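Asks: PDB entry and its sequence, pasted below:
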Amino acid sequence: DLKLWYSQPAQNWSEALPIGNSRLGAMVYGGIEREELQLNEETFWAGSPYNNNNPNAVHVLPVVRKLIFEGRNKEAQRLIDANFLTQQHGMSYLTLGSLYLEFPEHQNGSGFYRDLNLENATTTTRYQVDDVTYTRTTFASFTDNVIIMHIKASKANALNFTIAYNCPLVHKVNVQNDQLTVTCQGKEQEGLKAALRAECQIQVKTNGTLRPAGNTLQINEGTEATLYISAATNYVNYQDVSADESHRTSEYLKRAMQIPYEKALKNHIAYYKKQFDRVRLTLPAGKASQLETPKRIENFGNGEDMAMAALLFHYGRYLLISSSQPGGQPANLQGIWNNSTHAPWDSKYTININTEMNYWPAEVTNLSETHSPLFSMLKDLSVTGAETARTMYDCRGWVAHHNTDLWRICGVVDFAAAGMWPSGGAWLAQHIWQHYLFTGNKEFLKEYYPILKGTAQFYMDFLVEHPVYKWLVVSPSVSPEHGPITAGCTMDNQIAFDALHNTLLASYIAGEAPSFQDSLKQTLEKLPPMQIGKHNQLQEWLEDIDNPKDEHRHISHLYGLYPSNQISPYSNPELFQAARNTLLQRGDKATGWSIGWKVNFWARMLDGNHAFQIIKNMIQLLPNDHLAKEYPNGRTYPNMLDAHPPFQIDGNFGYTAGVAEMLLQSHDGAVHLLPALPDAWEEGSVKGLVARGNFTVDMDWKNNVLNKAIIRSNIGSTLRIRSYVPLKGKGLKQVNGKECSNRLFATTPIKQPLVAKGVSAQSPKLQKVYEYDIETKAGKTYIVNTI
Ligand SMILES: OC[C@@H]1O[C@H](O)[C@@H](O)[C@H](O)[C@@H]1O
Ligand SMILES: C[As](C)(=O)[O-]
Ligand SMILES: [Ca+2]
């Protein structure tokens with residue numbers, strides 16, 4: 001059960017299958033008389049180097065702030081829209097075009113089968129024409145940095161086809177020396193000129209004959225043919241476009257063709273398997289699980305295909321591996337897969353939930369390497385966003401708002417109502433802190449500390465005293481993406497808290513001046529506390545203005561519940577219950593990404609049954625975008641890709657991290673085994689998850705109860721297990737009272753929440769937990785059993 005298969009070739013982009021090696025991507029249709037591979041390279045975007053800083057903002061910031069405190073929010077907003085933005089609002093990721101293979105004589109094909117196999121990161125297309133069988137194997141090589149397509153007829157000399165290319169961009173195609181060569185111009189956008197070019201080269205190994213035919217390349221009388229597809233651009237970094245794209249493309253191709261095909265395949269599969277075989281979720285199958293995958297998606301609701309949930313979980317891991325690898329660019333709104341020259345929201349990096357969600361799987365699902373391209377981006381933003389901080393706000397450190405792109409802009413995007421939100425940089429930076437919590441790597445933390453610290457330094461210079469309540473607050477900002485431009489947003493308070501407090505914790509490891517550490521504490525102590533309001537809800541703003549029917553897709557004020565660690569049912573039961581009520585008020589549906597966050601939310605609520613209800617709200621078929629009005633509840637394409645709609649990859653990755661959080665939590669402050677297992681999943685296993693403190697964890701269960709767990713300690717120190725059932729095992733002390741000495745999965749104290757006048761704050765219903773301690777040694781493995 002690790003393949004997606006189909007009995008008809010793709011009729012549209014939502015039916016085609018994604019492959020990629022992080023840099024090159026293809027979407028594969030499977031068409032019989034004509035195959036299409038629509039291509040992408042991760043650095044092919046519109047525009048040039050630029051920024052969207054508006055220096056007018058520094059002159060106007062005090063006046064904007066005065067008005068907000070006077071309740072004149074519209075006037076402040078009109079002032080923001082005129083002085084804080086430019087004419088450029090993030091450049092669009094682009095398509096690289098489509099390669100077509102034309103099989104004119106393959107008229108009446110039968111016995112058709114298409115798949116994508118997650119075991120080995122290859123797609124297969126197979127069919128009969130008369131007595132002859134045809135088989136296509138396609139993959140984007142992790143080892144040879146080219147896309148490869150291998151085609152085999154089962155009869156001698158029976159293979160004849162043409163290779164051609166098209167693209168919506170301005171392009172040239174030339175056939176010389178049996179090599180098809182494409183050059184592709186980048187694109188002008190919002191008045192910014194095009195500095196990028198792409199090149200693509202195709203060659204073919206075959207026992208048949210090769211010859212040109214206009215701007216196509218024709219193969220005749222073959223038995224096997226093997227296409228080698230290379231491409232690259234002139235991008236080096238955000239302010240350097242001087243590389244030679246032709247040389248780059250030639251070099252990849254030359255090198256890839258030195259290896260024979262069977263070995264090149266083996267190698268690819270091996271390299272992929274190192275990252276992919278680390279983790280498996282197993283849930284029981286039925287006969288239903290054998291059906292083709294669009295049917296599995298459609299019928300998931302009826303309960304007879306629990307294993308499908310596991311398949312979608314594995315798909316997220318495949319996608320992250322296939323879209324994000326060390327040395328490259330981070331996964332954008334669409335991963336690396338996009339066929340437009342003006343995509344939805346420019347297939348950019350949206351950093352008020354979206355880009356962060358993409359990387360939730362990285363640590364917990366055992367894909368730590370996939371995280372690197374993001375840290376790499378953070379170095380860039382720590383420079384370009386220091387320019388933003390200085391020019392616009394006259395502040396030290398660095399900042400980013402709610403969107404950035406290949407050129408690493410950090411200013412205010414689109415318009416104030418959604419864009420005036422200076423906490424994007426600070427949230428992204430927390431991915432540094434989490435990488436440390438999960439790996440324990442102190443060397444990493446010291447390298448990246450200046451960057452993390454930079455966000456804390458910005459807040460210390462940007463925060464201002466609220467005239468009435470005296471708390472330090474972030475203004476002007478919004479709770480993404482609704483309500484007015486305002487001051488004391490709960491989300492900004494939670495992110496500022498993490499920025500300051502985790503900079504502090506890191507400072508004891510990195511080394512710092514006592515005076516800078518005392519600033520951090522003095523600043524934390526002045527931040528606003530969280531609040532329970534008149535509907536027993538957690539307040540999104542300072543004032544008690546939450547609307548209990550509002551089902552807005554964003555729930556930005558539960559950042560603290562997830563992905564942060566500020567709402568614990570043990571430390572703060574009353575607040576936890578207010579979060580619960582907030583979640584009931586927002587409801588279970590909305591966009592694909594919204595649904596993905598909610599699986600994590602309900603996992604942190606320790607409510608497996610509700611989490612599984614969210615899962616059922618994602619696994620519903622949207623056949624394609626042409627039929628969205630007719631299928632308005634569909635959130636998964638026949639691709640198994642997530643639908644906002646349209647296609648947005650956030651939800652695939654949010655879902656995967658969600659299933660993990662259902663089975664394992666390590667943030668508060670113990671390693672919690674099966675914290676949110678649905679009654680639906682009566683029996684199964686999971687292998688390979690990671691807990692903070694760098695523990696790898698395997699678990700299996702029967703009758704809705706943990707049976708056995710196997711925990712490897714990758715770096716030693718104390719392990720604290722937490723469970724709903726009592727446990728036994730070698731060297732397992734029970735513990736009551738004193739907290740654990742391991743800081744990595746430890747939680748952190750928040751300010752006492754305030755309760756509104758005449759509210760009697762409800763208390764949550766919690767299962768009794770049993771906690772145990774183990775003293776562990778790096779490299780060793782410990783087994784735990786149930787009583
Ligand atoms: O850039 C993508 C957009 O980002 C915003 O944060 C969100 O409101 C939209 O639903 C969408 O995901
Ligand atoms: C206005 As836009 C879709 O280029 O950010
Ligand atoms: Ca990438």
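Replies: Right, received. Where do you want to start? Numbering: from 1, shown residues only. Ligands and ions are numbered 1, 2, ... in the order given.

Asks: contacts, neighbours, all on C-alpha from now
Replies: Will do.

Asks: quick one, strands of the stretch 551-700 of the chain?
Replies: 664-665, 671-673, 684-691, 695-702 (DSSP state E, counting those that start in this stretch).

Asks: can you tell me which of the ones you listed comes nearest to residue 165?
Replies: strand 684-691 (42.5 Å; CA to CA).

Asks: how far out from the middle of the chain is that closest one?
Replies: 20 Å (CA atoms, centre = their mean, to the nearest Å).

Asks: What of stretch 548-566?
Replies: The chain centroid and the centroid of stretch 548-566 are separated by 18 Å under CA atoms, centre = their mean.

Asks: go on, stretch 383-390?
Replies: On CA atoms, centre = their mean, the centre of stretch 383-390 falls 25 Å from that of its chain.

Asks: residues making contact with it?
Replies: 53, 395, 396, 397, 398, 399, 400, 408, 409, 410, 411, 458 (CA atoms under 8 Å, 6 or more residues apart in numbering).

Asks: Now stretch 259-277: buried residues?
Replies: In terms of neighbour count (16 or more other CA atoms under 10 Å), stretch 259-277 has its buried residues at 261, 264, 265, 267, 268, 269, 272, 275, 276.

Asks: JSON lines for the strands of the stretch 551-700 of the chain, including distance to residue 65 and mean neighbour count?
Replies: Conversion of the strands of the stretch 551-700 of the chain to JSON lines gives the following (distance: least, CA to CA, whole Å; neighbours: other CA atoms under 10 Å):
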{"stretch": "strand 664-665", "distance to residue 65": "40", "mean neighbour count": "26"}
{"stretch": "strand 671-673", "distance to residue 65": "44", "mean neighbour count": "24"}
{"stretch": "strand 684-691", "distance to residue 65": "43", "mean neighbour count": "22"}
{"stretch": "strand 695-702", "distance to residue 65": "47", "mean neighbour count": "20"}
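
Asks: Dump these to JSON lines, plus distance to ligand 2.
Replies: Below are the strands of the stretch 551-700 of the chain laid out as JSON lines (distance: least, CA to the nearest ligand atom, whole Å):
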{"stretch": "strand 664-665", "distance to ligand 2": "36"}
{"stretch": "strand 671-673", "distance to ligand 2": "41"}
{"stretch": "strand 684-691", "distance to ligand 2": "36"}
{"stretch": "strand 695-702", "distance to ligand 2": "40"}
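
Asks: How about the one residue in the stretch 501-650 of the chain that gets nearest to ligand 2, nearest residue that isn't a chain neighbour?
Replies: The stretch 501-650 of the chain approaches ligand 2 most closely through residue 646 (13.6 Å), counting by CA to the nearest ligand atom. Leaving aside its chain neighbours, residue 646 sits nearest to residue 625 (6.8 Å; criterion: CA to CA, 6 or more residues apart in numbering).

Asks: which residues touch the closest residue to residue 609 other than its chain neighbours?
Replies: Ranked by CA to CA, 6+ apart and with sequence neighbours excluded, the top spatial neighbour of residue 609 is residue 678, at 4.6 Å. Listed by CA under 8 Å, 6+ apart, the contact set of residue 678 reads 607, 608, 609, 610, 611, 612, 704.

Asks: I'd like to know which of these is nearest to ligand 1.
Replies: Proximity of the contacts of residue 678 to ligand 1 (CA to the nearest ligand atom) peaks at residue 611, which lies at 21.0 Å.

Asks: Skipping its backbone neighbours, what lies nearest residue 421 in space?
Replies: Leaving aside its sequence neighbours, residue 421 sits nearest to residue 477 (CA to CA, 6+ apart; 4.6 Å).

Asks: Would you check that the one you found makes contact with residue 415?
Replies: No: with contact defined as CA atoms under 8 Å, residue 477 and residue 415 do not form a contacting pair (12.0 Å).

Asks: tally of neighbours for residue 572?
Replies: Residue 572 has 16 neighbouring residues, counting by other CA atoms under 10 Å.
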